[PDB]
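Encoded as structure tokens, the following chain is the form deposited in one PDB entry, with no partner shown.
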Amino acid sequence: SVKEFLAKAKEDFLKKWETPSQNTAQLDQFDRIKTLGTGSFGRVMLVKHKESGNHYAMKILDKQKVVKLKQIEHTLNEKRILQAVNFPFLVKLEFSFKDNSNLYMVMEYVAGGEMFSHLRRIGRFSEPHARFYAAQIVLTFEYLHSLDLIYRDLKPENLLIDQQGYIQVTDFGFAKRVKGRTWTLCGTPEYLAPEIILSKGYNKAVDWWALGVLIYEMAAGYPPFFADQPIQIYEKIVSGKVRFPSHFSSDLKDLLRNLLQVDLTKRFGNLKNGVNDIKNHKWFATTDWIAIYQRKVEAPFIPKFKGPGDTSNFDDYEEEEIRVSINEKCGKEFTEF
């Protein structure tokens, strides 16, 4: 009855997709403490909510920047989708609002930091440790794809570790609701599926490619296609030859061969049995898919926490003022936000 659960999940999503929440807070309800990470657009700050005393992660987007990088539709997508979804490994959007200059998305603060820093620091993850996270993405993409959502920015930088050691997916800036095919060249070069790179028109299968990249990077400690410049990377991806570390298990290599499959007719996640080809692969034979959904599996790694507003699992960033003009910018563009 995954079928049953997904059906009612869809009902719930559609209600919110159709009547999105709006304007549920304002900037002066929060004290801005420290930047937690920057993206390509705007920054995420640790903040304290005055009346509750709760900490959150406030994503701040400058409207004029959003316009300048042609991200208007993407940003409306981002917020419209994030406020409507509900899943154990998706970060929670707690508030949203806008002012003359900026767009604000307030999420639950996930204090364990990025998978990225942990991965670079440790070097690589054991196969059981990688499998534990991968399982969570598999379930998440099952959910998202069932709602006709493509995610399109899977990477360690956008996966957060929580206080239980489970994953929280963040950054829906490239997420999109679509049946069938879309064409936007967007994502992160190391993670692009070859059909994106080749301007084909692509679908939801690009997320299963990216999962392959993720599992490889997690277990190898470096990505399957790397180079000094994006062009060089896309070359490698299109050529499609992949080499594996000597320590990769046979099971892992076979799975990765079915995910990093240039042939859409052959890529796992995509076919007849759908996700089942992935859930039933030998590499996941020891995965208890229900227990994972239920968060009953003991995490292989639990970050150190030093209370409420500890940001020690995050790098430091140079701080900048957050200006709010006395004139409203891009009012029409962002009306539904």
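One-based numbering along the sequence shown. Between two forms, the rigid core is defined as the largest C-alpha subset superposing within 1.5 Å.
There is another form of the same protein, the form deposited in another entry; it is not shown, and what comes next is about it.
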| property | result |
| --- | --- |
| Flagged residue of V262, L76, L90, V242 - C-alpha shift reaching 2 Å or more between the shown form and the other one, core superposed | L76 |
| Large Cα move at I33 between the shown form and the other one, threshold 2 Å, rigid core | yes |
| C-alpha of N54 moved at least 2 Å between the shown form and the other one on rigid core | yes |
| Core-aligned C-alpha movement of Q136 between the shown form and the other one reaching 2 Å | no |
